[PDB]
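We begin with a single chain expressed as structure tokens, specifically the form deposited in one PDB entry.
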């Protein structure tokens, strides 16, 4: 398991947590020096448990699929909560077995569905450590509409920051003040699969992408990534989704 406490939290301990999280994902191989996540894992070993404590010490335990860093559900005191999707029900056979009650949320866990349930796109939802603390508190008391917004924050602070160094840095900047995500942050979140695939395909091709990836950068300018020599590839992306899942 991995842990993170918001009480006394600063940019450095947050950094330690994301490092712990990356190290907890198993991998057998590296492509261009980037851990390549596994095709699959059987049984309970497929799930990593994250324990998060809000400022006041209350806690929730979150289950993550180690093959794709997707959040499947969480435990709050004695009630477990799972997304409404096949992979999450599969996950319920292996974690939080001692939960007294199991609730299935009225949505699946993809951004499209979470944004509809929340009533706002994530372009309009502030993120940061203070926002993570509020999210943990919101999740302790069941409300499907408020939970959708809390999950959008939780996902970006923990799964997305693990996938990209830039997003991890964006969160460290928001350690004491929340701020909506930049356009580059959203573009990055949307291209993880695309990037992961082109980096894997670039191998037998001199490091050149079969088809270019279109992103929006920090200063706000559109851009094309065509080879593994680019910044995104050399210092941004930290984990690769296996092609057998794309």
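Numbering follows the first chain given and starts at 1.
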(message) Mean Cα B factor from the PDB record: higher for 63 to 71, or higher for 32 to 40?
(response) 32 to 40
(message) Mean Cα B factor from the PDB record: higher for 54 to 62, or higher for 208 to 216?
(response) 208 to 216
(request) Divide the modelled residues of the chain into thirds by Cα B-factor and specify which third, lowest, middle or highest, holds residue 166. (result) lowest
(message) Is residue 93 in the lowest, middle or highest third of its chain when residues are ranked by C-alpha B-factor?
(response) highest
(request) Divide the modelled residues of the chain into thirds by Cα B-factor and specify which third, lowest, middle or highest, holds residue 160. (result) lowest
(message) Taking only the Cα B-factors deposited for this chain, tell me whether residue 237 sits in the lowest, middle or highest third.
(response) lowest
(request) Taking the chain's C-alpha temperature factors as the reference, tell me which third residue 135 falls into: lowest, middle or highest. (result) lowest
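The same protein also has a form deposited with a partner chain bound, omitted here; what follows describes it.
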(request) Name the single residue among 23, 235, 12, 224 that comes within 4.5 Å of the partner chain in the bound PDB entry, judging by heavy atoms. (result) 235
(request) Please determine, with the chain shown alone, which of 25 to 33, 198 to 206, 215 to 223, 57 to 65 has non-hydrogen atoms within 4.5 Å of the partner chain in the bound PDB entry. (result) 215 to 223
(request) Please run the contact check for residue 194 against the partner chain in the bound PDB entry: heavy atoms, 4.5 angstroms, yes or no? (result) no
(request) Would you check, heavy atoms only and a 4.5 Å threshold, whether residue 173 touches the partner chain in the bound PDB entry? (result) yes
(message) With a cut-off of 4.5 Å between heavy atoms, is residue 82 one of the residues that contacts the partner chain in the bound PDB entry?
(response) no
(request) Give a yes/no on whether residue 144 approaches the partner chain to within 4.5 Å in the bound PDB entry, heavy atoms considered. (result) no
(request) Please state whether all three residues 166, 180 and 231 have a non-hydrogen atom within 4.5 angstroms of the partner chain in the bound PDB entry. (result) yes
